[PDB]
Every structure is written in structure tokens, then in C-alpha cells.
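What follows is the residue order along each chain.
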Amino acid sequence: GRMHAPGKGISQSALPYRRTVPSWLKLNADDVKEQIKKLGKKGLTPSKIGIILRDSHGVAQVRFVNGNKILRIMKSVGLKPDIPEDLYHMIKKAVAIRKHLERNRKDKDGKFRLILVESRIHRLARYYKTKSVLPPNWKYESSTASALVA
Amino acid sequence: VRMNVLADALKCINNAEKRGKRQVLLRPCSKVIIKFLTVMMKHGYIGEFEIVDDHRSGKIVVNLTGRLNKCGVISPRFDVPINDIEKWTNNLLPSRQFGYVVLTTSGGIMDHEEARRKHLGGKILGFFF
Amino acid sequence: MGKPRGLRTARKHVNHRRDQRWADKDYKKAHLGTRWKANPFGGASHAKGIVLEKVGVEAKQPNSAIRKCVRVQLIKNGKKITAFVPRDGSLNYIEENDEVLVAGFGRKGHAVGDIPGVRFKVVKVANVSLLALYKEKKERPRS
RNA sequence: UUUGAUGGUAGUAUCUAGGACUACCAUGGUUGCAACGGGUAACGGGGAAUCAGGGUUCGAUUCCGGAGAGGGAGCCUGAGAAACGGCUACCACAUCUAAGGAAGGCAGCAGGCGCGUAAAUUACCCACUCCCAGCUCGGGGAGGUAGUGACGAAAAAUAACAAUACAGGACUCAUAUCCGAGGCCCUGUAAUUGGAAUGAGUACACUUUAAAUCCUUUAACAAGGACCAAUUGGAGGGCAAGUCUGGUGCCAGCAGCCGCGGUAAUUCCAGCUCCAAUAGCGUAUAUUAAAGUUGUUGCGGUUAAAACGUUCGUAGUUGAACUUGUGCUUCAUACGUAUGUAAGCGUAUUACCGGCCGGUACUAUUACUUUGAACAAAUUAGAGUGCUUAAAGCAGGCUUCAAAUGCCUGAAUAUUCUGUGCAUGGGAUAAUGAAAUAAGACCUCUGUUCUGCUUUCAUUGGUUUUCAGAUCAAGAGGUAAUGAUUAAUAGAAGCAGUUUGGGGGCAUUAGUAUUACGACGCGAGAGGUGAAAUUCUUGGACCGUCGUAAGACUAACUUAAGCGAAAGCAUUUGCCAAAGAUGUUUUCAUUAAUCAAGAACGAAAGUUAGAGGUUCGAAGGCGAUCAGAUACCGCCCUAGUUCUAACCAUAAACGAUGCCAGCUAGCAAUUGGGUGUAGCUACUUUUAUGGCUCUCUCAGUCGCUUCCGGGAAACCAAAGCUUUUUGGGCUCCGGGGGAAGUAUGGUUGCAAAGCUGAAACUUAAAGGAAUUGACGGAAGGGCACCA
RNA sequence: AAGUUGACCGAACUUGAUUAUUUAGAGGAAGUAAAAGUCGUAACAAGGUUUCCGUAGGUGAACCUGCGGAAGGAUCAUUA
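Residues numbered from 1 in each chain as written, not as in the entry; some residues may be left out. Chains lettered and ligands numbered in written order. Part of a larger assembly, values for the part shown. Heavy atoms only, no water.

Header annotation of the entry names cryo-EM as the structure determination method and lists the resolution as 3 Å.

Structure (C-alpha cells):
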């Protein structure tokens, strides 16, 4: 593992075999609709909505309580992001390495960490322009980029 | 990364029978590789194996006898017609008494004795003797 | 070790063995044009010439004998080489500035044994087949 | 690509398409899947040489195709030529000439010169096969046919049968590692001698053929070795074969390599013998096999030659699982058993008529694969066949010794011309494809919208509806389980996440030390070293001491710990940005793997430009030692070490070991995280925490022990799973040693130099891991009056 | 018919550039063979200053020295 790092450590979620459990849920299964988007209107990316509802409702996995995933439910409401989330956070990192480098030069090991994160924004761009959620003519230019993520 | 499931479940068989274990755990059982063992099951080499059905990719816990000697895969899957099927049994299998080279012919997954009577050709999928 | 074992790597394989045959000393010897530029023989088995001088090559030690060679200028491109004559006798049978036929020695161009540098061997001298006049079945003409 | 390159457009031109040519617009076209350029000792293909396969090398050469007639250009006539056994000119060579001029092209067949290692007669005829003409009849150095011919293939002279002569073992038997008789189921050497065969020659005639020759067929002649007379290489090993005899004496020479030879040579030179293949065989160059030393089958890269210093990274090469799978009922079918052809349930594997059966409407795709089609022969594979056999040949055979259109059958089938392309079967494997707030499907078949045109308005015209062959859109609000596979012990990203680490940057700050100076006490020494001297004491040194100041370096704690891509990283504290790992019923959904080119970093030294300048210290200058000492040792020191802003791009940049992935074992430690130990345990009260305890658990890293491991070993849980030439994927590098990382070109650089990178010539060994001796500034343990 | 005007094919020579080979060269400097010459002993034994590497400077010559690295070392190391 780790395309840009040595550390081959494995860790993930272990989703069980049973699907439709909770067998104890208080309300409708599809009343997570009006709490995916009511916390989607607070600017939360669907990673944060997948874990804020593990503890209040507390729903286990959304793709078994409803029919489909969290990102598909938000654009059924109409809260899909301008740029998808694993590029929104991958660019905000590469923004911050450049803002650290416009005051702290002599640093050839924060610069190296920028070439890493920029060589993989160019790998998620090169894929999202194939599956057509990013259009063509969409590049990483690092002079407009800081007004996207902020 | 795994460019074959068939290599990462046939060396895993072959490494566990030269030590003489009686059960091998293979991962993660493409239906290509189930019908490879089913060729080997009905010629005695393999016991009645069990497919644990977890809904990610699958796992098999394959029983075996100990009659196996070398059960590997050929890669890349060379397309073999019928007239050049014996250039791949001569230089590969130990003698023309026994052993098989398994083919994925146009009809199914079969060995090289059933394919030469049914008159089918295909790709080489692996070998066992 | 190495080689790409994918289905569509016939491009790399024939590229590689073309690339890597140029390390072999036997391939590249016959594929560089020096059987005419470096070979004083014209890429061929024999050559004819006219001699210059009858000389003694000092043999490489442990062996120690002056070796009685002949330095000849072949007429094909004027290059001046040194050939070895066998089978003692063989220089009272030469009588300098007779036309000689010269061949190789045996190790496919380069030098052979105790004689350093000398790579060629005299076959006929004044048409009368030196191996046959050595056993006196042919006589060299007094003309 | 000005001067046609890519296209459009109109033309011209040609037999015709066409930038083929013109004019006007357009700016295209090819390219790392190798364009362009160069080389070629390149005519292409059929095919040839050689191997078990996979293959390498060659093909001027009789067959098809192209090409050209000394070099180029032009052209006439002709259906056909840019023809040269046609012409015209120029160029180069030559020719004749009475000096005005005229003609010539053998890379046709012969022949001569020349070059060469390298290749034959200045012969005979159109009978053959066919071609051409006005064309049964002419012509055809096309073609056939003799002469030369050891290129190469085939069949095979150089004796054979007996006798005694001298002789061997063996058979019977006196006898048995002694010995006679029948010496013999033996074979040799015999110019003993005497016999039987014969083609080699020879010669009448014959057949032969266009006329011949040769062979075959042949009346007469023709073998006794002294001749009809077999030689080429070798006799140390590799390699089957005299430790023969004379000669020479590291000479002469031999030997592919290893090796021989120095007045005994198993290797030379000869004699006497012997062994190999034999009308042959030796040598030279090339080439194939040998070669698992080119590696697709099938190599090697820790140490033998070889993982880029590091990581990104495009081209490229490779890429997780998932979809109608079968079950029953059966019956056809090898022996209550076996369906291996098929038929019946998973709501409809394509609608009609014909008498289960045919016309018949309809076919997501490509790779692969089945059988085909399709196409030259010779070759090759090779069927059949007594040219006497043979290689060949495509004939021949029979009734039959016949009479006899009197018969019979030939003259296969294939690799090849491997692939492309086409037809057909298959649908395993592998890609693409589809339905997302539906420009989704059938439907709501609504007529809202269509498109159109042939049949009739007798003919023929106007009014205009229907079927409208077809084609757009349906009255959209209604009837379709109305549509999104998994979530990889793949990746990515997140987290109310808790952390953790000499990771990098910037500030801040501490520690003693080493200097250098200031005071003060002291008194003649002090540095140093093998011994020294250089050196420091105008004594106030050395030393002791309080100090101030400066630049360096961060000890001890310090590990078989940690972090980092690698080079590297250690005084606190703050701030900055980043990272692995663990945890996670988080998120996305194949985004991943590795990598030419290209990018970023890259110890030290060296280089630039400043600021520093303690310690150290190449260079330099002294003192010793030493035969010598430009060295080691000792003194002050310079560039440098230091910081900044750039350059450079190399290290034994090492684990001499590329990266992702799966598997295979013990044993003990520790780094980090998690989770049960009322295991202990610090005390707010025990609890909350912290410390450890054993017990688990991830990612490992160390360590040691041996495999069912492997290797030449040393050795290694990888360097193994490289079976019984094996196969998870990707990339780089090597092919005996030198010459040499040189020369040269290109490129980078301020330079130093870096990344690329040969050949001539030389060489029979270089090298790796181990073993025994050697038994030395190698440690250990011992011994002796030759200590 | 000659002869002619203009176009177009164009040989050919003269000049320039561009390649692609081959060759003469004072001097200079590396390599190989040649052991049997001179000088010293660099390395391998703790080769008598352990060796090697990268990099700079210096030296009749092998070599020397600084800085950094490695063990292919003469330490796999015992020091709560």
C-alpha cells in the first residue's frame, strides 16, 4: 500500500455480514433524508455526515438503511459539492504547503511533500475527468487554487 | 498487486502441500479458479472443498489428499489452438501418461484430454500433475 | 530474471535482443564492416602477395626459438603483413620476391600460439604448392 | 511547407483518378507504437543451410515480379518502347581517315584483356519443348546437343575360391596356470605352385541420336602381382591408435588449445609398425549446431560481469471480485446402474404458410478459437511405381511370349503462400457499451404532429380526404419490483480521533569546553616525543584563580532504540507546515502497479558572492627519523570547517541485495497503537490516572536455531516457493580479460568536471566461495645453555 | 522542306555550399609487448602509517595529506 510512502500498514472498517440491522430504530428508515441534508446545509462533507449520525440517531451504515449512499442522497436533495471531497481536501493540503512556503523557505522537505500531494491531485483529476464529474479543461493551476478551497 | 488470482491461489496450494498440510486457505476465489479446482477435484487430486461466503470477494478452505506434485499457472494466458496443443503438453507435463494442462476453451474450463476429443481450442489456464 | 511477462510485450522483447546483441563479441564482430577495413585479407579465405624480407620472430616464453617468418605485402590493397611458413626447409625454398599464396592460421583471425601477432600462413610460392615441394613432389622452377 | 508540403476549389494535362500540373483560398500533414536522416559488403518473394523444439545465417543464381543495357537526358514509328542487337545530343572512352569526314557500345552466345583467393569451347543442330511470320514447310547460339568440369548428389575397381609350406586357439583325448595324438568349427604369411572367375581396357558389328559420342547391348582380345601397384592425415592428452629404432640437442622444429624439445625426445626429423575415413581426405574463411555463452520456450545481477544515490512521473507494459449457473423430470444410450446426442420447469431463447419437416422475419461489438473459402509451379512433406538398385524420375502395367481403339489405372494428399482479409460455429477468457433529479424503456398505440406517392378522379384539369411503403414527434398525466453490484487483510480521503518520532523550516535559549585577552598569587620552567628538537618564558610563562568577550561543537544519558524518499537527523522553549502507524458497522468507488523521456532532493570536497573567522587543518614553512623521506611524528598556521544567497550532482550514496503483491517457522526481545488482567499499584479516599505485570493484538524491525528451502560455497524466513530448462506484474543492467569509462561527437557546467560512450591492437586466462600447507608488527598457551 | 519566334523537357561543364569516406603532418601525449636495465618498495600477514571509496591539493615514482564514507577489518562482544 501507500503509493507515495513506505508504510504498508493495513487498517480499515470491518463491516459485518448482517445488513438491515438496526432492529431497534426509533423512526422511519428514510428520515435520515431530512438529516443528511439538514446537516448538509451546515456545510458538512459526507464523511462528517457519515459519523455525526453514528452517534445521535445512531445509524450504522446508510447504504443499508436507505437504498443508496450518502453522496447520492445529497444531490437528490441538491447539495453536491462544486469539487468532490477527496479533491477538496487534497487541494487544501497543497494550498497550505504553498502558504507555508511563501514564508518558510530553506525547507526542502516541505517542498518535497508538496510534489507528493500535487502528483496525486493530478491523479484524482486525471480520473474525475474520465468518469465525467469533472469536465475537461479542468486542471490544477496553483494560482487560482486557494480561492476554491477557501 | 494481484495481477492474478490464479497465481495467488495455486502457489498458495503448492506451497502448503510441499509442507504436507491437509487444508489450504485460498483468497479470494474468482469463479475462474473454482472451476480450475473442479477439474482437479474430479481427477482425484483435491478433496471436497468449501466456499466461505463473505460478501466481499469470497474465501475457500480447500481439502486435499497429497497426490499433488506441482500445480501452477501459466501467465500470460496464451491462446492455444488445437494443432499446437501438443507443443504445450510435451515440454511441460512429465510424461504423456498423466498430468493435464487446463484450458479455457470456447465452451468452458477443461483439461487437455477432454478438449482434444470435444475438438475445442482456447487459452492456457494452468497445469497440474 | 526481469523480462516483461505480459501479453502485449512483443515490442519490448525484440527491441531488447536487438539492443543486447551488441554486447556479444561474436555477433558484433561480423556486423561492423571491419572485415574490409581492419582485415588485411579482403573479407576472404586466402590472398596472394609479394614478399619483402625473411625475418626471425622471437617466440613467446617459456618456449624460445626464432620462428622464421616472412613479411609480405599483398596486392589486393597494398597492406604489408607477416606470415608464418611451416615444415623446416621452407626458406632455402623461397628465394625472395617470388609470388606467394597466403592463408589464415586457424583461430578465426587473431593470433594463435607462441608466435606473437603473426596470424597468416604461406600456402603456395611461385605456383608450386609449398606443402608439396616440402616433401619434394613438386620442384620450384629455377627460372 | 520560399521552389507542393496537407486539404478545399475551378481548371489544364493524361488513356484515366490525383498537387500530376496551374490559379486562388485553408493551414494542415507525419512523430518515442521510432517519423525524419544515415548506413547497407540490400534487387524483393518463392525458397536454401543447420537443429528435439523454439530458432539463426543466407538468398548474384534456372521460377514469378522489379530493374537496367558505358554514363545521363531526349524521342520517333508503333495497340504496345522513354526500346539502346532504334535514333538524337552531351559526357567519358575508343575507331577509320587521302585531314574533308564516317561510324561504335558483348550486364545476348562463344572468345580476349583486366581485376582478382575465385569461374569452361572463338564446337553442333532446330529432332525436342514452345515462340514468331503472309504462317503444315521459313527463322529462332531461345532451345537441344557433344568438348572442359573432384561445385555438389547417386550406384561402386582395387580381388575371390581352395590346396600343401610354416603356423593359432579350439574341438576329442593322454592331461589340467606342465604335456602327446586327430594339430584345428582356425587363420595368417608364403615372387611356394597349380587352378576357377571375370569388367577395367580393347575391338567387329549393333543399338544410340537431327548427325553423333558415352552408357546399356556386344563377335574376336585381355590377371598372377614384379603388377590393372590408393592415397589423404594423425600415433602425449582432448581423440581411436609403437613408452619401437637411428638422428639432432630450449637447436631445428612441432602443437587448433594444453603443451613438447635443453646429447635415454611416448609430441621434432626419419626408418619399422599402427589407427581413422576411404576415391577420397586434409587446410583456410564464413555460417549453423554445440551455446542452459543472447535465454519466447530458457540465463545471470549479495560476493564471480550486473539493481539507477533517491523518490516522483508521462509514453508504455500490467491490472480485485461480480452477470443463466444449473437442478429436476425424462428419454433416446456404455453395461438395479452409466446420457456421453436431446427433451421437459425458472412467466415469450424470433412472427407466418407448407408435409415432425421447407420458404420465412429478425442477428451489442472486438480479440481468441473451430471448420471453411480463396489463391502459381518447382522445392519440402511425400502417395504410387522394380529407371536392375540408388538420388531421381511421372511413368507404366496387363491379356500376356499373342492376334488385338485390346483393356486397365496413373500422373495423390499436405506443410507451404507462416500473418493480413473473407465465410461459418462457439460466447470460457478479456476490454468497451447501456437507465440517474432521467432526450430511460415498452407502453399509455393518442392522432396532438408527421413526412410521401403511386392506384383511381374516361382522357384530362380544379375542389381534398382515406390507405398514406416509409419518416418526426405521441392526447405526456398512465399501466411496468421504474433504473446506482461488491465494498478488496487494493487505494484514496476524512475523523468528536488519541497519539508518537535526533523528520524538515524559522525564531528563541542553554551547556561545559577550547582559545584569546584583563586582573592577582607564584616562582623557572613549559609544550611536546620512540628519543628528540622546532616552539613558549625583555623573567611575571606553565599553573592556580576570578573574569569579560567571541566563534565552534551539542558530550555523558545513547540503545542492535526511533524518524526520514535517500543523502541525513540530538541544548531547551515557542510557532509553522507535513508524515507513518494504530483505531474506525467514516467517505468515494478501481481512482491502482511499475516505469524510457522529464522533474524534485542529493554526504563530503570543490566553485561563485558576501558575513564570519575558536578549534582543527590539504597546501606551504621549519625540527627530527632515515642510506633517502617532498612521508608517518612535532610546532605556528593558509584555502577550507561556520552562516547566508546561489552553482555543482558525485561516495564502499552498501544491505555491494530495485518496487508493489500472495504464500511458507520456530524462538526471544523491543518501537508505536489498540483491547480484557480489582495483575500490581502513586494517592484526592480506594476509584479517575500513572508506572510496570503477564495475557492478547496490528505494522514491523532486530536477534538467534535449523528447513519439506536454496546455493559453487560463504551463507540467506529470503538470497525460499527460479517442478523435473517456468510463467504474479513492472523497470534497470551484464555476456572472458585487458586496452578504457580512454579516444571522439553531442550535451550540462563559472571551472573542476558530470550524464552519455567505441575501436585498433593484445590476451589463455582474470575472477568468486572454500581446503591443506606456509606455523611472518597475528594474538594465545608452552618449551631448550647448538636460546 | 529549310530557316525561325516563344515555351517545356533537360544532358553537360563552371562555381558555391552540404554531406559521407579515405589519407600526408613538425611536435605533443597515452597504450601494448619485453621478464634479462635504473630507482625506490606501493599492495597482500597488524605488509610494518589497516585497506578501499568519493573529492580537492601536493609530490621523482609507486604514493602522501585533509574532509566525508564503507568493511570487502585486525571488533559480530561482554561496559545495571
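Next, the rest of the story.
**A word on the overall build of chain B**
For chain B, the count of helices and strands is four helices and seven strands. Scanning chain B from its N terminus toward the C terminus, one meets helices and strands in the order α-β-α-β-β-β-α-β-β-α-β. Dimensions of chain B along its principal axes, counting C-alpha atoms only, are 40 × 30 × 25 Å. Looking at the 129 residues of chain B, the share that counts as buried comes to 42%. (Helix = DSSP H or I, 4+ residues; strand = E, 2+ residues; numbered from the N terminus. Buried < 20%, exposed > 50% of the residue type's maximum accessible area, 1.4 Å probe, protein only.)

**A closer look at the arrangement of the chains**
A comparison of contact numbers over the two pairs of chains in contact places chains A and B at the top. The two units chain A and chain C never meet; even their closest C-alpha atoms stay 22 Å apart. (Contact = heavy atoms within 4.5 Å.)

**A word on the pattern of salt bridges**
For the structure shown, the criterion picks out four salt bridges over all chains. Salt-bridge contacts for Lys118 of chain B lead to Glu114 of chain B; the nearest nitrogen and oxygen are separated by 2.8 Å. Across the pair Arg67 of chain C and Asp114 of chain C runs a salt bridge, and its minimum N-O distance is 2.7 Å. Taken together, the residues span a long stretch of sequence, with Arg67 of chain C in the loop between β1 (47-55) and β2 (69-74) and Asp114 of chain C in the loop between β4 (99-104) and β5 (120-125) at a distance of 47 residues. A relative accessible area of 22% places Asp114 of chain C in the partly exposed class. (Salt bridge = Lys/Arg side-chain N within 4 Å of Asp/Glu carboxyl O.)

**A closer look at the interface of chain A and chain B**
The interface is formed by four residues belonging to chain A together with four residues belonging to chain B. When the buried area of chain A at its contact with chain B is split by residue, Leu15, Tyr17 and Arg19 of chain A rank highest and sum to 94% of it. If you look at where chain A meets chain B, you find zero salt bridges. Class assignment for the residues of the side of chain A that touches chain B results in three nonpolar, no polar and one charged. (Buried area = accessible area lost by both parts, 1.4 Å probe. Nonpolar A, V, L, I, M, F, W, Y, C, P; charged D, E, K, R; others polar.)

**Topic: the pairing of strand β1 (residues 23-26) of chain B**
All names here are of chain B. The alternating pattern of β1 places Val24 and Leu26 on a buried face, while none of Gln23 and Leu25, on the opposite face, is buried. As judged from the four bridges shared by β1 and strand β3 (residues 59-63), these two strands associate in the antiparallel manner. By the bridge assignment for β3, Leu26 is matched with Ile60. (Pairing = 2+ DSSP bridges.)

**A short note on the layout of surface pockets**
Residue and element names in this part refer to chain A. There is about 940 Å³ of room inside the largest pocket. Around the largest pocket, the lining comprises 34 residues; the ones closest to its centre are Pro46, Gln61, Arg63, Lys69 and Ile70. Within the residue set of the lining of the largest pocket, elements represented by two or more residues are α2 (46-52), α3 (62-65), α4 (70-77) and α5 (85-101). Sorting elements by how many residues they give to the lining of the largest pocket places α2 first, with five residues. (1 Å grid on protein atoms, 1.4 Å probe; cavity = no way out; pocket = protein on both sides within 12 Å on 5 of 7 lines; lining within 4 Å. Points joined across faces, edges and corners; volume = space filled by probe spheres on them.)

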